[PDB]
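Accompanying notes for the structure given below.
As a convention, Cβ positions derive from the backbone with ideal geometry for all residues, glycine included, and neighbour counts pool all protein chains shown. Each answer follows from the model by the rule given with it, or from the source it names; none is laboratory data.
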Amino acid sequence: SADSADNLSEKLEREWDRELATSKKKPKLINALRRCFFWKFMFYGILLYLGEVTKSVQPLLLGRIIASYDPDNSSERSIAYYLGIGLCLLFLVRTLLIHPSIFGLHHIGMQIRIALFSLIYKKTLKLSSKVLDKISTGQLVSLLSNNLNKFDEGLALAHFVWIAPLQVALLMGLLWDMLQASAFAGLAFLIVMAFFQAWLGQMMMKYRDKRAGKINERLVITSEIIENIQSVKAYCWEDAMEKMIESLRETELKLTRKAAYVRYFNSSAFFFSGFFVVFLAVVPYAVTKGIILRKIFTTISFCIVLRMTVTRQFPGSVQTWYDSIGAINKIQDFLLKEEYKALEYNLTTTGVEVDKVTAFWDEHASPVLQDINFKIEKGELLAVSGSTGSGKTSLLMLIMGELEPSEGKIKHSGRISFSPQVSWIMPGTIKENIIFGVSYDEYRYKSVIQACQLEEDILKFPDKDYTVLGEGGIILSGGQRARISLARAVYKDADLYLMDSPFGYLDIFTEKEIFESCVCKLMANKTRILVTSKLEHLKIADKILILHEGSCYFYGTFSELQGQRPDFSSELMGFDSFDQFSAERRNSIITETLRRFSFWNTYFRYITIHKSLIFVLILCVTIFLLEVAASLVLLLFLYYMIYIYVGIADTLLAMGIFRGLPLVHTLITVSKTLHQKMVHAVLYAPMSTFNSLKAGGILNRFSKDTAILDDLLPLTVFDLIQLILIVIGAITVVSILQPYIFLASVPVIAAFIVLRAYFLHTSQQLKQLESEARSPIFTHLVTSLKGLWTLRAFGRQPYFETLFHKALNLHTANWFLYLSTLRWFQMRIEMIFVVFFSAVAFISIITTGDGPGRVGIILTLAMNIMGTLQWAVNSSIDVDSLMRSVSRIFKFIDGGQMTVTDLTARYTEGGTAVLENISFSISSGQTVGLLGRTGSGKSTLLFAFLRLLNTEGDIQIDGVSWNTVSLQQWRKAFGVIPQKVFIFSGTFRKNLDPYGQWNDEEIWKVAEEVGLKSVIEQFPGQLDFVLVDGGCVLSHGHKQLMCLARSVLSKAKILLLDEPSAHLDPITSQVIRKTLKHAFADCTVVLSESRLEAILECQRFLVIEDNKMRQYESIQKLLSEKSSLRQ
Ligand SMILES: Nc1ncnc2c1ncn2[C@@H]1O[C@H](COP(=O)(O)OP(=O)(O)OP(=O)(O)O)[C@@H](O)[C@H]1O
Ligand SMILES: Nc1ncnc2c1ncn2[C@@H]1O[C@H](COP(=O)(O)OP(=O)(O)OP(=O)(O)O)[C@@H](O)[C@H]1O
């Protein structure tokens, strides 16, 4: 196998294609994979087997070593000495064999994951356009992310399904004194515990899935709040929002608490089983014959090995193996989906023809285009219009071959250049997008960018042609993005050009210039098809096509339309000034014209009250499980003293469990408190200070830190308690029996501490790389999916495959490094442990072990100490991560005449002053407003009034200086409607009144007053209607009216309007102006405008530039100076 994506793909594709081609009904992905996998997998598998079997040998060697100190036979020092050497070698050898093999398995898992990803990517780019709208988008994201961190770890246990029965059979077969079947007592106990654990694990999954659903809801409201803190503060909404968070948090905790108990009992159950396999193991020796230390010590070590292989190594592989298979099956179902069918290029014609085409998207379709017919000569212009939905753009999909005809033929000449309705951002170099995938030629480039009028904006870009367009399109306005899409489509040399919604939401002036510049001259003699709403274009076009309800309304000469459907023409012409109508209005006019011219309970309470009932219930479970094991013991079918001793053991264990329950209670309480305090601290935060994170780390830390406290503190703590108790016992006993062991062990622990610290520093830093390399694989994917229509249209598939592979290679390189440092670390750790082991074995062997039982116990304690120690290493790693998270959390918590005198503002106490020494007066009830350049800090006056900025000077409102008024009332006076309006998701009643202070009747009265009564009536449920996704169903004008309704209910006196005109068409802007003037007849209205025509209705003006201002008492004084200063 290969170490790179290109090679891994070739191999997978060859086997997959060969089997898929060998069409034995249902070819399978799993077979293509086993043919790659098997010849490496099996070798690491056998090596691990050979490694693990060592554990089944080591106890035998100790039994003989122990025997050498017996009074029997002779004190053969030399034998004890050499056998001791052999034992320490067994530790060393398995260490040296096992770790390399585990590493190799992870290497394999990685290689397979990469091959699978490249296969999927290649497939998504070849999918049929029909199934494209049936496959949920969330499924492709999860198809790749769901097993991202699972598949490659899972192979580590895969060969255990195979190993487990070999070691179980051996350990069973090695039992000494086998017929007195202590074997069944042992196995019956372990078997019952294993099923118990499986059941409990299933309950854990139930809780995880339900909780996950609630988490997503909490996170959505959380990000909504975080990105709009200024509106929450401006509204003085505050704690109502805090309460919304509280109810979501409370819901999650109820589920979490139950999940926590599942985890608690799982861990104590594990402990319980440890005790009993050892305890049951000595029941034979108490029962008749008596004790032989030689055999007892041997017996216990074997019992320990069975516990672990039986309860943990086996079922882990079973669960892993099964889930992995299910993941593969899902991938296969995805791969086996209908393809995009390639278009066959030919030299049949020069024009475009359509012969009786009838077609539809899917089965059960009524949107069948009927009897479509064309004959277009080379170089002719076709203009198409029609009702929205009557195949306005679906026709283009037929032309390009995305949609097949059910009947008829489509003939075309050569290659097609296509520009879609919705621009594809293509993050990257702007010149490169214009000429993407083609050679640069300045002759053509200049001609196209000049003709398309790009120079007007692109020459203002800081790196010109090399200005990079980043994510979000922060460089370009929607009309500019459209302009680039045209330039790209034009730059490409094609025989046929298809222009989807070419008007581009552009100003009519440029729209005309582009049509003549491009449609007529730049595109001269090309065959063209334009989608259009302008009658002038139809007049210009050689052929006119109008569609309605899936069929042709009219096809022919412009004058033929007028001669054959004159009433249609006359009605449209009544709106003679069509160039003055936006596309939306042009669309409504044709839609209407065209359709018009149609042509238990008592005790439950006591159980909560009496903790003594809780104790009994704990004991009852313990009794039950032992009795079940007895049922299996009774297999022998085909005493009072034993009964007493086992009863005693159960009682003691039950009390031990009962004692620790308050810890679970405490853990849930603590994370609840921390979540609540962080939220409070963020809401009542200073402004400017939060700009250190700018919502990035705020959302990410808020979300992630809470999640880790809840899943790990309640888990890692219990493992630590058990591990701690074990080591205390182990050290205490050897220290007493032989003080030289202590002397020897002190430097051993020191060695581990130092290595650990070094390791964690570096590995914690490397971990950052997974996220850095991982994020872009998804950004790449999404971009490719949105661009699918053009990726095929222009033949760019291999370009993108190349980019995808480079991203994968980056990711795997970092992933691999992380894995490698971890493995090295673990190997070093194990070798240190191996060395102290050898030394300890010899301390015992060497000293005067004349009371041999003491020799035996030191040796078995040391031999079996390694299991616990491996857990301890990993637990220490988790602890350090938890403490780092705790610190990150802790870091956050441990006047009618408005009179403004000498006002100054900054974005921080350092920084820059955005406004200095401004003085300004507003007469009571006076309509006033502001003029200034875009980016002159207009919003910083509004924020200075809202007290969101570092500020100086004296503002007198409601008769007093701001200096004597707290933020809530100071802000209360100001009813502000920002350009970016915040919409709270949820029921309209709450969106408008989050406190429940207004009555429904009152709410309706205001809805009527502000013109939203018809809007709320239209939405089902009215006040009970739930508004979603930021008001995705509302006009932004409506959002402004909602804000208005809030302002009037709130009884604000100062009304602040942030350029409503920035987005609202005058046809409605005047309606809201009338509405608010009546609503605010007794109030003072302050407007920030972009144009003189709007500012014109004001009596006093504030004109701001360069952190200074000129006050005018009349528009004429403003105009006289503005003319002199019109620059
Ligand atoms: N691949 C598809 N499968 C099924 N239905 C589709 C598919 N693509 C679009 N549609 C729908 O069927 C019709 C397709 O026609 P077309 O896309 O030409 O309409 P349009 O008038 O261009 O759409 P609009 O102007 O509303 O964006 C639309 O009314 C749309 O709702
Ligand atoms: N709190 C802030 N910290 C840092 N920079 C800011 C802050 N507030 C605004 N800015 C920036 O400084 C200027 C502030 O002016 P303002 O926010 O009034 O601009 P605008 O003309 O309203 O811009 P837009 O049209 O994008 O809304 C802008 O050009 C913006 O880029």
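Scan the range 1078-1095 and give yes if some residue there is farther than 30 Å from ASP902 by Cβ and under 42 Å from the mean Cα position of the chain (by Cα), otherwise no.
No, that holds for no residue.
Could you give me the residue pairs with C-beta distances under 7 Å whose first residue belongs to the range 931-948 and is farther than 25 Å from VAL965 by Cα and acidic (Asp, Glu), whose second residue is in a helix (DSSP H, G or I) and near ligand 2 (Cβ under 6 Å from one of its atoms) wherever it lies, and which are 6+ apart or on separate chains?
Note: no pairs meet the criteria.
Give me the pairs: first residue in the range 650-665 and aromatic (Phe, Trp, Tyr), second residue part of a helix (DSSP H, G or I), beta-carbon distance under 6 Å, and six or more apart or on different chains, which are they?
Pairs that qualify, where the first residue is aromatic (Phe, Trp, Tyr) and the partner is part of a helix (DSSP H, G or I), are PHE658/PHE615; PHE658/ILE618.
Having 3 or more residues that are under 39 Å from the mean Cα position of the chain (by Cα) is the bar; report the strands (runs of 3 or more DSSP E) wholly within the range 882-935 that clear it. Give the steps one after another, and end with the answer.
On the way: elements: 898-906, 913-922, 928-932.
Hits in the range 882-935: none.
Could you tell me which residue of the range 394-403 is surrounded by the fewest Cβ atoms within 10 Å (Cβ to Cβ), considering only residues that are within 12 Å of ligand 1 (Cβ to nearest atom) and not hydroxyl-bearing (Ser, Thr, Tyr)?
As a first pass, look at the range 394-403 and keep what is within 12 Å of ligand 1 (Cβ to nearest atom): 394-399, 402-403.
After this cut, where a residue has to be not hydroxyl-bearing (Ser, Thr, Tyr) as well, the list is 395-399, 402-403.
Values: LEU395: 24, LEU396: 22, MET397: 17, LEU398: 19, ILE399: 19, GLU402: 20, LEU403: 21.
Ranking the qualifying residues of the range 394-403, first place goes to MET397.
Out of all the residues in the range 508-516, is one or more more than 48 Å from the chain's Cα centre (by Cα) and more than 16 Å from ligand 1 (Cβ to nearest atom)?
Taking every residue of the range 508-516 in turn, none turns out to be more than 48 Å from the chain's Cα centre (by Cα) and more than 16 Å from ligand 1 (Cβ to nearest atom).
Name the one entry in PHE279, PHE302, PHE297, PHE272 that is surrounded by fewer than 17 Cβ atoms within 10 Å (Cβ to Cβ) and not in a loop (DSSP other than H, G, I, E, B).
Criteria check complete, one pass: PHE279.
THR358 - would you say it is surrounded by 12 or more Cβ atoms within 10 Å (Cβ to Cβ), within 16 Å of ligand 1 (Cβ to nearest atom) and either over 36 Å from the mean Cα position of the chain (by Cα) or over 30 Å from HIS537 (Cβ atoms) (or both)?
yes
Which numbered condition in (1) within 13 Å of ligand 2 (Cβ to nearest atom); (2) of a type in the set (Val, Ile, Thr); (3) within 22 Å of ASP1082 (Cβ to Cβ) is the only one that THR934 fails?
Condition not satisfied by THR934: (3).
Yes or no: the range 415-434 includes at least one residue that is surrounded by fewer than 16 Cβ atoms within 10 Å (Cβ to Cβ) and aliphatic (A, V, I, L, M).
Yes, the conditions are met somewhere in the range 415-434.
For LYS341, work out the one condition from (1) over 25 Å from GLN167 (Cα atoms); (2) assigned to a helix (DSSP H, G or I) it doesn't fulfil.
(2)
Which helices (runs of 4 or more DSSP H) does the range 689-796 wholly contain that include 3 or more residues that are in contact with a strand residue (DSSP E or B) (Cβ under 9 Å, 6 or more places away or on another chain)?
By residue number, 788-793.
Take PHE982 and tell me if it is within 16 Å of ligand 2 (Cβ to nearest atom), among the hydrophobic types (A, V, I, L, M, F, W, C), buried (at least 20 other Cβ atoms within 10 Å of the Cβ) and more than 24 Å from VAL1103 (Cα to Cα).
When the stated conditions are applied, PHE982 passes them.
Within 27 Å of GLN580 (Cα to Cα), surrounded by fewer than 20 Cβ atoms within 10 Å (Cβ to Cβ), in contact with a helix residue (DSSP H, G or I) (Cβ under 6 Å, 6 or more places away or on another chain) and in the same structural domain as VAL981 (by TED's automatic domain parsing): is that true of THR1075 in this structure?
Answer is no for this residue.
List, please: which pairs have Cβ atoms under 6 Å, are six or more places apart or on different chains, and start with a residue in the range 735-762 that is over 15 Å from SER876 (Cα atoms) and end with one that is in a helix (DSSP H, G or I) and among the small types (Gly, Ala, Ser)?
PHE742/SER735; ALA744/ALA839
Could you tell me whether any residue of the range 167-179 is surrounded by 13 or more Cβ atoms within 10 Å (Cβ to Cβ), in contact with an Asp or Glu (Cβ under 6 Å, 6 or more places away or on another chain) and among the polar types (S, T, N, Q)?
no
Out of curiosity, is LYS337 surrounded by fewer than 20 Cβ atoms within 10 Å (Cβ to Cβ), under 30 Å from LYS28 (Cβ atoms) and of a type in the set (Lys, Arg)? Let's see the steps before the verdict.
Working: surrounded by fewer than 20 Cβ atoms within 10 Å (Cβ to Cβ): yes; under 30 Å from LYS28 (Cβ atoms): yes; of a type in the set (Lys, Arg): yes.
Yes: the conditions hold for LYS337.
State yes or no: is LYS55 among the charged types (D, E, K, R) and within 30 Å of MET172 (Cβ to Cβ)?
So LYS55 fits the description; yes.
In the range 872-915, how many are within 16 Å of ligand 2 (Cβ to nearest atom) and surrounded by 15 or more Cβ atoms within 10 Å (Cβ to Cβ)?
8
I'm checking my understanding of the structure. Among residues of the range 937-976 that are of a type in the set (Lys, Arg) and under 37 Å from the mean Cα position of the chain (by Cα), which one is nearest to ligand 2 (Cβ to nearest atom)? Steps first, please.
Taking the range 937-976 and keeping what is of a type in the set (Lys, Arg), we get 938, 947, 971-972.
Narrowing the set further to residues that are under 37 Å from the mean Cα position of the chain (by Cα) leaves 938, 947, 971.
Numbers: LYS938: 4, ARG947: 13, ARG971: 17 Å.
Top of the filtered list is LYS938.
I'd like the full set of residues that are surrounded by 15 or more Cβ atoms within 10 Å (Cβ to Cβ), more than 8 Å from ligand 1 (Cβ to nearest atom) and over 23 Å from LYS521 (Cα atoms), limited to the range 369-393.
Correct list: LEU369, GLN370, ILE372, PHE374.
Quick one: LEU127 ticks every box in (1) away from ligand 1 (no atom under 16 Å from the Cβ); (2) in contact with a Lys or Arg (Cβ under 7 Å, 6 or more places away or on another chain) except a single one, so which number is it?
Checking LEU127 against (1) away from ligand 1 (no atom under 16 Å from the Cβ); (2) in contact with a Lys or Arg (Cβ under 7 Å, 6 or more places away or on another chain), the one that fails is (1).
Name the residue that is nearest to the chain's Cα centre (by Cα), counting only residues in the range 411-448 that are β-branched (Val, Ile, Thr) and away from ligand 1 (no atom under 16 Å from the Cβ). Step through it out loud before you land on a result.
Quick first cut of the range 411-448, residues β-branched (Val, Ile, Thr) only: 416, 422, 425, 429-430, 434-435, 438, 448.
Narrowing further to those that are away from ligand 1 (no atom under 16 Å from the Cβ): 416, 425, 429-430, 434-435, 438, 448.
Values: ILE416: 37, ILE425: 22, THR429: 27, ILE430: 29, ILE434: 32, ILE435: 33, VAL438: 35, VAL448: 41 Å.
It comes out as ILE425.
When residues of the range 36-74 are filtered for being buried (at least 20 other Cβ atoms within 10 Å of the Cβ) and aromatic (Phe, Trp, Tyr), how many remain?
Residues meeting the conditions: 2.
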